[PDB]
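S.K.: Experimental coordinates for this protein are included below, preceded by the sequence.
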Amino acid sequence: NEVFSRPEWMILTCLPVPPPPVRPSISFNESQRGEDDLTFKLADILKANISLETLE
Amino acid sequence: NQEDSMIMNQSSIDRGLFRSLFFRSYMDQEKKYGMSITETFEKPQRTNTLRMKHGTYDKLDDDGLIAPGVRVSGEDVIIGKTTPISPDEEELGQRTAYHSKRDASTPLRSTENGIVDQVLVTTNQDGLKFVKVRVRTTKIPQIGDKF
Amino acid sequence: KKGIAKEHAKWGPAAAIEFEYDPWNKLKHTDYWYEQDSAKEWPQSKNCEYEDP
Amino acid sequence: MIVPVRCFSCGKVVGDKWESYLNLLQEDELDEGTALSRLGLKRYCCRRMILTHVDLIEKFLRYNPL
Amino acid sequence: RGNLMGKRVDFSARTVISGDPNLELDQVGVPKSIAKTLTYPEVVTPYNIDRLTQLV
Amino acid sequence: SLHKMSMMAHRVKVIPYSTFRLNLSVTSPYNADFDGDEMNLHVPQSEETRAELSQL
Amino acid sequence: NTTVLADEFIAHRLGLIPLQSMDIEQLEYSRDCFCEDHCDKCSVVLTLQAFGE
Amino acid sequence: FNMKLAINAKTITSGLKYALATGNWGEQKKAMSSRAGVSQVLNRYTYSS
Amino acid sequence: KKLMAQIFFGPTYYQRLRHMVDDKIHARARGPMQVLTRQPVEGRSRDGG
Amino acid sequence: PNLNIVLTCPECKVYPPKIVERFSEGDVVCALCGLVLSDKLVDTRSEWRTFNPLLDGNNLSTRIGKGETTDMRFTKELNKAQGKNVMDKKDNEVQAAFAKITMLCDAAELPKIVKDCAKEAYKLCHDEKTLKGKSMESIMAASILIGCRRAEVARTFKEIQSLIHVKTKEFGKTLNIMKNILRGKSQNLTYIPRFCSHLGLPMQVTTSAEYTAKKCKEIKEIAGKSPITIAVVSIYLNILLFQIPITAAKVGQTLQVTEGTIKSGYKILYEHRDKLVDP
Amino acid sequence: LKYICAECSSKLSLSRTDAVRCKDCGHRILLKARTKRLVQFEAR
Ligand SMILES: [Zn+2]
Ligand SMILES: [Zn+2]
Ligand SMILES: [Zn+2]
Ligand SMILES: [Zn+2]
């Protein structure tokens, strides 16, 4: 459906991120935060992104 | 007694059939996050801590522990803890005084109510202040108990 | 303190009791489970002889 | 543990009788069933307690606290 | 399957059960503790004003 | 819960001595002997839900 | 308390010692009593002493 | 010939202690080829138990 | 009064199990509240639902 | 802006309001008024009951190994392909030094407190022209000694040099610059139990050693150029006060110390017997 | 009188570092001195 589904939309170019209510810092409740999994992965993504673009 | 229930004599309960003790312990110790100055086992008063509970800390003593032999209700705290951080601008910023608490006290389990028995403290493997208490409860048979 | 035996077995003086009536079952308030004889298979009451058979 | 005071079933005081029931079996060499009989416990609800109670208290007691 | 189709709820209780031949079928016996924890709102009418006043 | 029963409604008589309490006849639809089983309670919160609960 | 025996044992086993009660009618209940906190005219006081001699 | 045998001591002591405390039967490498319930906590409710 | 049928009677050995009702009674109305899914939390000890 | 919220009862307003937390209800109430303020509190202890980033820094650590639901050849492929970003960050050097000090501290069977303190000491400076290389041995040994000393675990320089020889000079300069750095950013009695542990003696000679060390510290006779030596001969005169054969000829190589210094301390305490014995 | 430590009735009366390894004993576990405060019971 051209208004909702396009094969060129089916390739990732610009990636949304979800707000912290999806991926909350658990606030580890002894002294620390222990901040969580999805945000770790997003930090990885942005690191590899800047590495690729500087290398390019 | 239909479907495996039982009728049980009250008088035998009163005399002491099937009575029982109950021993529970707790474990807590100071933690070092330093810049080696650790937590403390003190008695938190009102203008030292943040968001501390309503456990009515009166049962503790000057060294931050409870004494053996006293009774404890459900919500009484037994251990006093205080945050040694630094760096938090620990009594000069983002809090009033309310000195440096961020209180990490350990309340008793919310239901049972025993008597504190045989509290000891000794250092852990590496050397800290490391505390074990024990509380003792009588458990008379009631309706729902299972034999 | 004072106390009575109704709310605790501390305050009892009773400690045991005994009770029996019609040891010969003339009133027929029971009949005996048995397999050959009621008379043979049950022991006589100790209070039998204070009333006639 | 000690002997119980006051048999759960009946209520008769028991606990005076314990060390007596012991020395009925130490020097008097007496059979224990007759020992309880001569101790005078003719119902059996009372009798079970002295016959089956174990004495863990001295096994506790052989420590050295304080 | 664990947050939409089924979930935790509120206003609930959980004990063990025993028989009773002095309750007819539509009745259930509840401990006073449970009935002190649980609750149920009522809207104040002319009809129940005094009873709710007393009960407050 | 497996079939249409085991969600059935009840009126409440408050009783002392904490445990639930129910009539012996309703035992087999619940499929629950008193060997240590446990039930669940669910308090309705409004007039519609109270009414349809009582009427169904 | 120091002994190996536990405190509520000591309480419960104390609670079961029978006591002399010929003159029980002379005094009155602690609940009905005009006093508070165990006057002599509603209660009696007992004391125990032990030693590992 | 001396300094590394002490961290060696840490390795084998840590390995045995970890295996017995956890129950996974393998070194500290997220439990390959291993079994789970090998070192349960002693049950002490009753002498018979 | 006498019962009609005579009954069985005697001593027998029991033991008391650990599943006591005081640890299984639990109720909650409007308590604490989870963070990731915004639901009533778990835990009978933790005053869950 | 500052975006900040302070709770305030809109019907009492008499203070920064004296309110309480009803944690079992997840609500906050103006305790003087009784009206609820906000509802559905979020947990604060079960999240901890459910289960070091600061030492490892802002960059996030990753212990990556092999799994279970994949082939062994693919795990080997994972290990070969996971090493493609070990040069962009300085965190590679940070956990390299962390691994090195982990090896050194746990080889010295030190507490986790000492390990974390050394981690902190390295992390605090971690990059300066004042560091200037020094073969990493100077800075690692200095950070370990500073952390272990500030955890009040005093260890001897001979033992530090036996574990890692840093020729006793660059080690000293590095200790001074760490002292200065920590000074800008801002225990001899503890040595004795380790030595009597290495000699195997009961508590009373230890207590006697503490008393004699404090008393000889109080009066005079620094006498020895790092008087750990006369601290040791305090134990030597204690064991001469008792009658257990712990001869100085044995003691010298037991503690890697000079026997002539032992006899000199024996002499300087021979003329100073007066006030060193308690009972 | 604040700590016990042992089979010895060493009333340490501890403030800080007065030979926690008590003098008559050699223990170092420091047990903690049941109170003098008056306690209540209920022999129901
Ligand atoms: Zn009896
Ligand atoms: Zn009175
Ligand atoms: Zn208000
Ligand atoms: Zn001692």
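M.R.: Nice, I can see it. Residues are numbered from 1 along each chain as shown, chains lettered A, B, ... in the order given. Ligands and ions are numbered 1, 2, ... in the order given.

S.K.: Run a quick neighbour tally on residue F:39.
M.R.: Other residues lying near residue F:39 total 15 when counted by other CB atoms under 10 Å in any protein chain shown. All C-beta atoms are positioned from the backbone trio N, CA, C, and that covers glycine.

S.K.: mind checking how far it is from residue B:6?
M.R.: The span separating residue F:39 from residue B:6 equals 19 Å under the rule CB to CB, to the nearest Å.

S.K.: Spit out the contact partners of the closest residue to ligand 2 within chain I.
M.R.: In chain I, the residue that lies nearest ligand 2 is residue I:22 (35.1 Å; CB to the ion). Residue I:22 is in contact with B:111, B:112, B:139, B:142, B:144, counting by CB atoms under 8 Å, 6 or more residues apart in numbering or on different chains.

S.K.: from these, which is closest to chain J?
M.R.: residue B:111 (11.6 Å; CB to the nearest CB).

S.K.: Surely the closest one is in contact with residue B:75?
M.R.: No: with contact defined as CB atoms under 8 Å, residue B:111 does not reach residue B:75; the gap is 9.8 Å.

S.K.: For these two, indicate the residue with more neighbours.
M.R.: With neighbours defined as other CB under 10 Å, residue B:111 and residue B:75 compare such that residue B:75 has more, 16 against 13.

S.K.: ok, and what's touching the helix or strand encompassing residue A:38?
M.R.: For residue A:38, the host element (DSSP states H and E) is helix A:37-55. Helix A:37-55 is contacted from outside by A:15, A:17, A:18, A:20, A:22, A:23, A:25, J:60, J:85, J:88, using CB under 8 Å, 6+ apart.

S.K.: The closest residue to chain I within chain C - how many residues pack around it?
M.R.: Among the residues of chain C, residue C:29 lies closest to chain I, at 4.0 Å counting by CB to the nearest CB. Residue C:29 sits with 12 neighbouring residues when counted by other CB under 10 Å.

S.K.: That one and residue I:4 touch, don't they?
M.R.: Yes: because the distance of 7.4 Å satisfies CB under 8 Å, residue C:29 is recorded as touching residue I:4.

S.K.: so how far is chain D from residue B:87?
M.R.: 46 Å (CB to the nearest CB, to the nearest Å).

S.K.: Can you name the residues of chain K that neighbour ligand 3?
M.R.: For chain K, no residues are found near ligand 3 under the criterion CB under 5 Å from the ion.

S.K.: For ligand 3, what's its nearest residue on chain E.
M.R.: Residue nearest to ligand 3 within chain E: residue E:56 (18.7 Å; CB to the ion).

S.K.: What residues of stretch G:20-38 count as buried?
M.R.: Residues G:27, G:30, G:33 are the ones in stretch G:20-38 that count as buried (16 or more other CB atoms under 10 Å in any protein chain shown).

S.K.: same deal with stretch C:2-11?
M.R.: C:8, C:9, C:10, C:11.

S.K.: again, but for stretch B:10-26
M.R.: Of the residues in stretch B:10-26, those with enough neighbours to count as buried (16+ other CB under 10 Å) are B:11, B:12, B:13, B:14, B:15, B:16, B:17, B:18, B:19.

S.K.: I believe the first one is in a strand; please confirm or correct that.
M.R.: To tie it back to what came earlier, the one meant is residue B:11. No: counting by DSSP: H, G, I helix; E, B strand; the rest coil, residue B:11 is not part of a strand but helix.
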